[PDB]
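[1] build me a model from this:
(chains A, B, C, D, E and F, ligands or ions: 1)
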Amino acid sequence: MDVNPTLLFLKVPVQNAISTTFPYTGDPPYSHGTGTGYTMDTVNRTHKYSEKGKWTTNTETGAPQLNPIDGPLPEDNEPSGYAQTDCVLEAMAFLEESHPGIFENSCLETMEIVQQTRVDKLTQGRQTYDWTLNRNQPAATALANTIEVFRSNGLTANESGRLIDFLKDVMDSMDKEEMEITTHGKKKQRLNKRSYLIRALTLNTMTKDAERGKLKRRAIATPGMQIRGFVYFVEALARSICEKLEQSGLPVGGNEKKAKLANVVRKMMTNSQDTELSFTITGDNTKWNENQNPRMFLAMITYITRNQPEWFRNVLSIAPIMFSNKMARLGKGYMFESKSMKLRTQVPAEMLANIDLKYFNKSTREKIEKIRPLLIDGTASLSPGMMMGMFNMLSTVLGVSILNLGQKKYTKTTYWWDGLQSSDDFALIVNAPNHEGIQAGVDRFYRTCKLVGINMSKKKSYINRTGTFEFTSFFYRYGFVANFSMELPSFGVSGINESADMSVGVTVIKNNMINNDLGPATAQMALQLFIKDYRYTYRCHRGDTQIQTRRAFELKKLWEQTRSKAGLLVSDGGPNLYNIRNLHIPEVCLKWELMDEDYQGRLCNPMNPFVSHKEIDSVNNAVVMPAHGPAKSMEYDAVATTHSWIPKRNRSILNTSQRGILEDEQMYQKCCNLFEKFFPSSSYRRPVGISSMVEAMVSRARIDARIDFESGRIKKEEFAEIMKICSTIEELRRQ
Amino acid sequence: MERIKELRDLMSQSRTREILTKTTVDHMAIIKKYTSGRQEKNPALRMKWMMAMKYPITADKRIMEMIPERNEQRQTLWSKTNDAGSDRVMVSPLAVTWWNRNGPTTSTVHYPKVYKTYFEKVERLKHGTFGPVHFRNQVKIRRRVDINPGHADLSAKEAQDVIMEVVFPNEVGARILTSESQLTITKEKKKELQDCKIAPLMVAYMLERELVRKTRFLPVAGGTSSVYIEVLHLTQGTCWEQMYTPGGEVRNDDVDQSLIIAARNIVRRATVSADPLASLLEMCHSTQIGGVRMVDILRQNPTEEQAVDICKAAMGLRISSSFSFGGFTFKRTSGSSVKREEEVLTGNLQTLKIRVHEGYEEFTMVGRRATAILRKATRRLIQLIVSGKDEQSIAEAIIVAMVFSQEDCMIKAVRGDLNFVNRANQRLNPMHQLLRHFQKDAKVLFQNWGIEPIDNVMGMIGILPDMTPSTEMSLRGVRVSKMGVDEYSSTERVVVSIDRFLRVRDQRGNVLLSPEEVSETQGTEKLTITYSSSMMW
Amino acid sequence: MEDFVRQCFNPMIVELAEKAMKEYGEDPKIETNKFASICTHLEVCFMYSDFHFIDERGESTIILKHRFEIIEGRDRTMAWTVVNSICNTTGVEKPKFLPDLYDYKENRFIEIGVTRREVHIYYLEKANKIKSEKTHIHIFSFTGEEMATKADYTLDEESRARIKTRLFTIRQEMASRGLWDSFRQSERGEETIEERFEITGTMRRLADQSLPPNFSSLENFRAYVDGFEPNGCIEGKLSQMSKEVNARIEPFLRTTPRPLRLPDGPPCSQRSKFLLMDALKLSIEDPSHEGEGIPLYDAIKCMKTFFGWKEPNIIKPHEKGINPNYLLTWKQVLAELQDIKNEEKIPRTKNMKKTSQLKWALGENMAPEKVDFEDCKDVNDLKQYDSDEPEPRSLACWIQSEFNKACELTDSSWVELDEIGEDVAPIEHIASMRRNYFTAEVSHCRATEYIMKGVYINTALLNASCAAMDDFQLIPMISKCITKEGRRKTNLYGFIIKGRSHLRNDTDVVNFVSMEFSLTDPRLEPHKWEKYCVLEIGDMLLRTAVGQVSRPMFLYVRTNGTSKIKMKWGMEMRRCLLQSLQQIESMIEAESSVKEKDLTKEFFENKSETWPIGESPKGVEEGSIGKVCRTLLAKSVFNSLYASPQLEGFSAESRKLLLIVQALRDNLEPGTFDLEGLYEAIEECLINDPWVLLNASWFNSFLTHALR
Amino acid sequence: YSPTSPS
Amino acid sequence: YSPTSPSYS
RNA sequence: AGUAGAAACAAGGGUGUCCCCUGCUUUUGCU
Ligand SMILES: [Mg+2]
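    Numbering: from 1, shown residues only, chains lettered A, B, ... in the order given. Please find the structure below.
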């Protein structure tokens, strides 16, 4: 007897046991070295799929650009980038005709958005590329560096705080004849027009990690701070358009997506005895982000923004232009080794332009030779494609337009089609009287997609009668089935802190019960396993246990001291009182009535030093990375206690030349913290004011001292002393 | 005192002096987030790796003078080394345990008053009662519910103003609270939270979490309520239902039901009135629900109900673009149609002047007990996928869909004259006349509608004219879906206009709501309702 | 007039005025009558407030307390803050709008006004605008007139005279400049400014170079788009397009699919971090729970229970290694254990000496020196890092045996789940009984032993790596179990020596040397042990049913490596359980939704229902629900142990083929656009991983069985 | 419960 | 016997 | 050697064998 779990599918339908096919209990693949090879391969592929285009030499950056728009029509089934402008415009026009007034209302809503958004909105990013430091930095740090450099160069239109004013500052800086930057031992560096222009259009390329279902790694890109605002406005407009389209799967969540898929599937499937067949295609596009063209996006935005103010059109149009004139960094470079001398060294990618080719192997040599013509200032010119792929919502609009072209009033034939689109993914359904009509409709859809620059992966797609299908790992078999493995990595210690981790684990179990058909017994065992893992990770085993750990002594002393043991938290060696009924209750409140007065007072002491409160937006809010998709924000219910501490940070930067920023950071904190001591509300709602920090602080100190003295809470001596100190600060401000 | 001393010491140094004297208050929002610390890319791995170190936690410098350097067992608790990018000091979890077992104990009496949401949750769970477990096929409808029992339906801005007044009284600014409900909440919270040592930020966050209505699109199987959805994981399942009654009542549900009842009664009394618009406006401004004026509730309550929508649009506010017919709300999904006036003859030899809709169209119809999706052609019905709690609800949905289809097949099914009138003794439009006539009885229509065979597909079943489930036969384009037909998520809020007869018309001119679309059901008010107008006397 | 105003005021006053007018967004060089009015207001208010203090009793003071508090000449935020604080503390209700200043003696807010017009007109205007009755209003005139509420002047006659004199002299100076007549004050209109966003300069050129080929300027493209109307563009281009661009459906029938092509090469070898089926454990009855005692003391006790130690000798040498180093490593481990034994004090951890054998076995100083490129470009053999495909390996028959042994039941329980809250709800009781059935079926599965062993080993390795990154640390492989008689046992599998662990990247490798006890002779399956050096360290007298039989006891010694990510994911292996159990639960619930009752007890105590789970020469074999649960648990565990990108790729690609086969089985008429491409994508993921090769072989068997 | 298998 | 958890006295 | 797989680890910096610093920080995007 040889055990063969796959044979279980001979009785249980594949969907009903789909979780058996997801090996999400092991670690996902990771990249080990450099991402340069993947970036060069991506650039070469992008320029190969559109090699029958017009070659131009940019007058500003002096880079060679490839324009495949309105190029030769495809003659084979290979991926193509020769989108036709008139076809895209016709698709947009028919989308408007199907939903009259959609573009106008979306434009009005987004225009109202534009005049109100603040520059600080750009701080809600993740590792934005920094042209000043020429490296990845956190979004807020990159924005601050850019603002400082702009200010030093007489670009101060962003003092108003509006994002559009920052965009005007970027516009003006683009025309500057010389840019001054400060590099850490502060030193001044001067960039000419072309150098700064190439830096502002640069994308930092790296390799993606923890991706599932792929054998080969792929490269991603991150833009700088010069293009984030334009992309933000474009994505806001695209989101407004998508919200009003019933065939768009964004930005709604999983439940809404399932509802829409069920609605469309039931709509199309149902028919009388024998009048028409319906076939669903579980399709998937190939090289989605390497064949989409920024020029087509510019055409789409131009058509969408018809009969609108000129400034709105320009603001929405800047982003496609920049993306059309983009450049990509070639990663860290490569590493060379010498066996005879037993040596290793790093070769930066900036040197690949004129490096000897004898070091590299055949494939890398071919890649370098192919990409050499495009290299400029250590960056490769990449006009076509959407490598970074931050237009996830305009592509959804294009796909929805292609889907909408399938109405019977547009095909002018017995066949028609409908379905759902989610950026790259799509589910199609074609209805036709017979199989010949089905084939005709599928061919029509495929050819229209080719005309609009969308390529369907014939290798990754299939067609079957519209009863069962898949869409972004949602499996439908006459109803959506559960895929628990997808959420398996979420079942564990999140890694925020004791209280937050407990809250997040309990909430995750509750939500997987509510949504993913997690069974009661499975939920109970998940609770048991989470408690075990939590205890082992945080070394908070039960006080009476004889587990040897650094924290065992303190927990044992607290345990023997306590009278009511059931009131202690699991973080303090207490027992686990959670069950299915009370998976929605925070732990502190769950066992509040069982806690001793002394222990309760100590644990819930607002005078402890372990609790630090940042801006309210981060209160009871955590970042969780799912198995698939981008990182998400999760809100958990927990009482702030001594277990809400913050773990220590990385100190590697202390050994580099960038340590200067660290010191700088600390300085800011001081001032910021001092501000909180004068404006306690400043952490809740962002304060506004053009006066300097010191002026507001001294004014508030004067008013507070006067009020407190009038209230009689402070003796005149203290008021006089603080008045004198404030006068000293006020005079020292001038000098 | 100490604040100015700290400011002076800060102003002593040169670099920090420049930072303080050259950065505006607006720039604070940016420089405070300035950090060299990359956002963690694998928090689970980092936590598992760092809890094996000696000093993984960070704490304020005060910890140095608050707990001893070493434990009784000579175990170090905190280390002098500062945390990167701040003045905090690295410490071990043993420090936290030592604090919990030996730290300064303080009276915690405001905690139940500050974290009211969680303590109400636990009280509701404790006082609840359970029932039997029913093992049966479960039908789950995805609906937009509000998972936040116990809130005062205050929006973001009003909640922010109340929180500012309660927690940071001197920073209120230029805003003066007006609505007496807001004043009551402010005074109450100020009294309860007087002399509270909890950090202001946490108190503000808890107030915001408690006062604002949240919402989620969830697959509800049974009742919908802020107290039933809260315990959804424990009540419904894949194949079981756990009977349960939460041990607590929430004022939001009470006010919702009372508002529905009051709006229905007021529109009913306005229909008879000589001036429906003026009478409705006066009744809106001259009534109170549980001590709260209805005008304030209407501008804030998001509950959906034909009477509520009519009252909300009367004074002038945006409402859902979906139109009400036969007690069902229709949201258009795809397609379009043009209104063409036509004359038609019934089976009783009567002339009806109707406004047919020409063109392909798709609608989703949502009702109290059943929901469906309808593909409709010009004067012809293509498909009607329906699902309801029980047979009667499905029957009502099918009747309304058939009438809406405007097919001549249901026209010639009419027997007898159509002389239906409203409460004000006014003739109704032909569509509603037909709907009422077929709602009284439907044997002839269902019999004289059509019969076609179907394909047995899982999750689907047929219905015969006598309304009995069938597996090989059904009506024309009508199918009953065993699995719940999910409703819509978001509805467009658009401007509308109301005439003197309370007929709500949008910009395109089509009627969305009318008093004849208000249900005749009368429930029991949960909150006392008082009417100060002369009519209700 | 700008010079007249600027030169005739205190620099501070003009600075405050200009800041205040800028706060509104106005241009000081454009509007100046407003500037003059606001500067006069600031001056009069400052004279009103200055030269006024309050002594201790609360009386006047003319040259400490300040009688007047200023509101004008401040940012809206600061003014609102101060007024709100004053209203809160004093109790006086704050006004709807912003007053000019506040007085403490009478405790009320007072408004100051300076107007060319008659006092009464401006007084009425401001009074009926503010609409306040508890705020004072004071109006001044350029001609010397002045009036306050109820004709009550708060300021002394001397102060009023001084203010009047200042106003008169400034008016005389302005008239001397001659612009006094053409002043007429100025009022706030609250203008609205339309937005603008121009594309010019370099960005205009970039825009002109980012259009379809046929257009030369952005304006031309915009004009073309605005005047665009759909005229059969898509249809014309579809007609033009070649017919070779089509999506032709290929009918997928029972005769279409073919078996996957497995790679060819040498047989695959074992690559797990510890022995799975060949592991031998020395056990001692100790009444302690998981992770309670000192690992080293338990290891010593377990070692004591075994008699029959033999002088080590190489049996199966490591082909590419130095076997004498492995022999010396084992000898050193024995010596160090003896040293700790003869110490009368067992520390938590032991640091091994950095001998030559351990230096070699743990990869000491094997990283090439890091040098600058300019210092080694001339080296003859300097080249790119080897980045070829992994060499192909053919599937071997030992992985199937491993999986078969991992699905078996054991005589000892291996998992002791923690407590949870007591059952209060009937659904919770049903869940408790269902979970009891599950954990009974799962507690005695060899896969659970693998889970516990892996979790313990990875936890110990990670903790040791973080705690001591510079020491060769000894770690016993220890497990805790409960026998069928209920007696607790502590088992020792072997030892692991962890080397230097300065792990920076999540993929950085820490090397270790693992020596594990076993009873299987390597020479039977040499290809499985290519990475090992197997020794003989004793002859154990096993107790068989008939009697006692002596068999050799081997030590599998190898060098392995693990990263931070691999160790972390090995610490979370317990969640594997969940997967299997979830799959089981949904299988019961689905069958319980038709019978309107719970069949968990029926399924687990009658074994009437079976599922095909294996293969036998007679055909397909069916097992019970417990067997299915154990099989799914074992599959999840082996996925955890043998994780690799090849497995991920194979799973993702073969999922589609499984779905297509299922659609064929459902009679849904499946069709493919490029099946050969899909087969190539599936096959590209099979290189050398035994687990992925076994999964592919299973898929081939399922394909053969599912189409007949 | 005492798990048992035929093998 | 069991070649994993045997008895050896 | 070993890990591992399209490129890497098998410690990396610093200062004059000891000592000092570092364990995600030249590399983790987007709704
Ligand atoms: Mg995709």
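[2] tell me which element residue 239 falls in.
    Just going to use chain A. Here residue A:239, judged by DSSP states H and E, is contained in helix A:228-243.
[3] think we crossed wires, I meant chain C
    Going by DSSP H and E, residue C:239 is in helix C:233-240.
[4] send me the following helix or strand past the helix holding residue A:239 as CSV with only the CA atoms.
    With elements assigned by DSSP H and E, the helix or strand that comes after helix A:228-243 is helix A:254-269. Provided in CSV are the C-alpha atoms of helix A:254-269 (Å, rounded to 0.1, in the frame of the first residue of the first chain):
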residue,chain,number,x,y,z
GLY,A,254,-13.1,39.7,-1.0
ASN,A,255,-16.8,39.4,-0.1
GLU,A,256,-17.9,42.0,-2.6
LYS,A,257,-15.8,40.3,-5.3
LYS,A,258,-17.4,37.0,-4.5
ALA,A,259,-20.9,38.6,-4.6
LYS,A,260,-20.2,40.1,-8.0
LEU,A,261,-18.8,36.9,-9.4
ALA,A,262,-21.8,34.9,-8.2
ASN,A,263,-24.2,37.5,-9.6
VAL,A,264,-22.6,37.5,-13.1
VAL,A,265,-22.2,33.7,-13.2
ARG,A,266,-25.9,33.2,-12.2
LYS,A,267,-27.0,35.8,-14.7
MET,A,268,-25.2,34.2,-17.6
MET,A,269,-25.6,30.5,-16.8
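[5] coming back round to it: what comes up buried for the helix holding residue A:239?
    For helix A:228-243, a neighbour-count test (16 or more other C-beta atoms under 10 Å in any protein chain shown) marks A:228-243 as buried. Any C-beta I mention is one placed from the backbone N, CA and C, and that applies to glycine too.
[6] next one: stretch C:141-159
    By neighbour count on 16+ other C-beta under 10 Å, the buried set for stretch C:141-159 is C:141-142, C:146-149, C:154-155, C:159.
[7] residue of the stretch 351-500 of chain B with the smallest distance to chain E?
    Nearest residue of the stretch 351-500 of chain B to chain E: residue B:458, at 47.2 Å (C-beta to the nearest C-beta).
[8] what about that residue, distance to residue A:463?
    As for residue B:458, its distance to residue A:463 is 20 Å (criterion: C-beta to C-beta, to the nearest Å).
[9] so how far is residue A:252 from the spatially most central residue of chain A?
    Chain A has residue A:630 as the residue nearest its centroid, 5.2 Å off, counting by C-alpha atoms, centre = their mean. Taking C-beta to C-beta as the measure, residue A:630 falls 15 Å from residue A:252.
[10] in the helix holding residue C:239, what counts as buried?
    C:233-234, C:237-238.
[11] before we move on, which element is the closest residue to residue A:140 other than its chain neighbours in?
    Ranked by C-beta to C-beta, 6 or more residues apart in numbering or on different chains and with sequence neighbours excluded, the top spatial neighbour of residue A:140 is residue B:33, at 3.7 Å. Assigned by DSSP H and E, residue B:33 belongs to neither a helix nor a strand.
[12] touching, residue C:292 and residue A:546? I think so.
    Yes. Here residue C:292 reaches residue A:546: they are 4.9 Å apart, a contact under C-beta atoms under 8 Å.
[13] please identify which of these two sits among more neighbours.
    More crowded of residue C:292 and residue A:546, by other C-beta atoms under 10 Å in any protein chain shown: residue C:292, with 17 against 13.
[14] what residues are up against that one?
    By C-beta atoms under 8 Å, 6 or more residues apart in numbering or on different chains, residue C:292 lies in contact with A:545-548.
[15] from residue A:553, how far off is it?
    Between residue C:292 and residue A:553 the distance is 15 Å, computed by C-beta to C-beta.
[16] equivalent analysis for residue C:696, please.
    As for residue C:696, its distance to residue A:553 is 53 Å (criterion: C-beta to C-beta).
[17] residue A:281 too?
    Residue A:281 sits at a distance of 64 Å from residue A:553 (criterion: C-beta to C-beta).
[18] which one's more surrounded, the two?
    Remark: of residue A:281 and residue A:553, residue A:281 carries more neighbours, 26 against 17, as counted by other C-beta under 10 Å.
[19] ok, the more buried one - contacts?
    Contacts of residue A:281 by C-beta under 8 Å, 6+ apart are A:419, A:427-430, A:442, A:461-463.
[20] restricted to strands, list those residues.
    Counted as lying in strands by DSSP state E, out of these, are A:419, A:427-430, A:462-463.
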